[PDB]
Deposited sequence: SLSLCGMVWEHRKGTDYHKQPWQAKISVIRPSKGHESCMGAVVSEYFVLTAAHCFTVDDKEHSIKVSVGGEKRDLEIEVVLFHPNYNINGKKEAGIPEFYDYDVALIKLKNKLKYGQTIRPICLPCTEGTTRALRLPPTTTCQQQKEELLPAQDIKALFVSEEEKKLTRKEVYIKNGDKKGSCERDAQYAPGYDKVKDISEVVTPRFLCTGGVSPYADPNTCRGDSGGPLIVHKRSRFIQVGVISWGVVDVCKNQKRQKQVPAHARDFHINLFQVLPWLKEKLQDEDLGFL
């Protein structure tokens, strides 16, 4: 079992850069020797790790079976980001080192050990530790002038969760949605806004990158960056929505079953 979430690419050795050819940009995270986790909506395909120039040979890209960006077009919702996760399977085994390391995923033995929790630890116990009912200090990784940079955000998972979710009404094409639960599903975590702190916002190029909790000197991926309310790249309603990886575990467990991650 790899030591996951342990340390520019020196400081974010899990980070992957994705280009799709006028170039669309996304990010992802190394989660095993053969897999990069990213957003489904990011999808000729160029993936790089370790700040390398080299583009890695792709075997297949696997998509969450419930993902359908067009799924609510008939209801007048232009883009529906539910289950916005994909796994890039690499042809060649990644060589872990100073520049290339896997991030921890929820409800794995890797995360149990990173959090110094006992062997009886459940998936629910990991969720209570990482995503308590409060404002949760987190980070994401962006690019500025070809250098990777950390940005600190707060996940609104307590008394501010409703306020964060309701700001979805300001996103492009969502202004006529009666029931915000139609676009903000139970798959989403919410960051951004000015309470409790003035959170920075994701850029479109940051989509697919990990939303990370930094705990006990370790980095645990809790989310995949999915969509924003405002393209800032700032109103108090500028929120960002992330796929909660605790909510896509059956799919992660099935696709990564042979990756020696020790899913619970």
Open item on the list: Relative to the deposited sequence, which regions have no modelled C-alpha positions in the structure?
Closed with: 1, 9-15, 30-33, 56-62, 253-260
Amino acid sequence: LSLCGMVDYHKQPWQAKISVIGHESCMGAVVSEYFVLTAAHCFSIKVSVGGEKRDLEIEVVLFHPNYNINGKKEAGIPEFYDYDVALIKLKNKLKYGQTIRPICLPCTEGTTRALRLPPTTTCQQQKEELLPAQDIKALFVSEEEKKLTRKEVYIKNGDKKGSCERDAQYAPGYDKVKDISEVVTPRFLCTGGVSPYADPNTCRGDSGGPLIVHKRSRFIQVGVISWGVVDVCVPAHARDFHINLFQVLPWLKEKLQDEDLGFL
From here on, numbers count along this sequence of modelled residues.
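Whichever C-alpha set is largest while still superposing within 1.5 Å between the two forms counts as the rigid core.
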Task: Higher-deviation stretch (C-alpha RMS, rigid core fit) in 6 other deposited structures of this protein, choosing from 60-68 and 235-243 - done: 235-243
- [ ] Look up the CA B-factors in the entry and say which stretch, 141-149 or 162-170, has the higher mean.
- [x] 141-149
TODO: On mean C-alpha B-factor from the PDB entry, just flag whether 98-106 or 184-192 is the higher one.
DONE: 98-106
TODO: Using the temperature factors in the entry, find which of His64, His41, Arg239, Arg54 has the highest value at its Cα atom.
DONE: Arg54
- [ ] Could you check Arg113, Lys91, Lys156, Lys127 and tell me which one carries the biggest Cα B-factor in the deposited entry?
- [x] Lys91
Open item on the list: Sorting by Cα B-factor within the chain, modelled residues only, which third would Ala16 end up in: lowest, middle or highest?
Closed with: middle
Open item on the list: Splitting the chain's C-alpha B-factors into thirds, which one does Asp135 fall into?
Closed with: middle
TODO: Would you mind checking where the Cα B-factor of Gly228 ranks among the modelled residues of its chain, as the lowest, middle or highest third?
DONE: lowest
Open item on the list: Is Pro119 in the lowest, middle or highest third of its chain when residues are ranked by C-alpha B-factor?
Closed with: lowest
Task: Chain thirds of CA B-factor: placement of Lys253 - done: middle
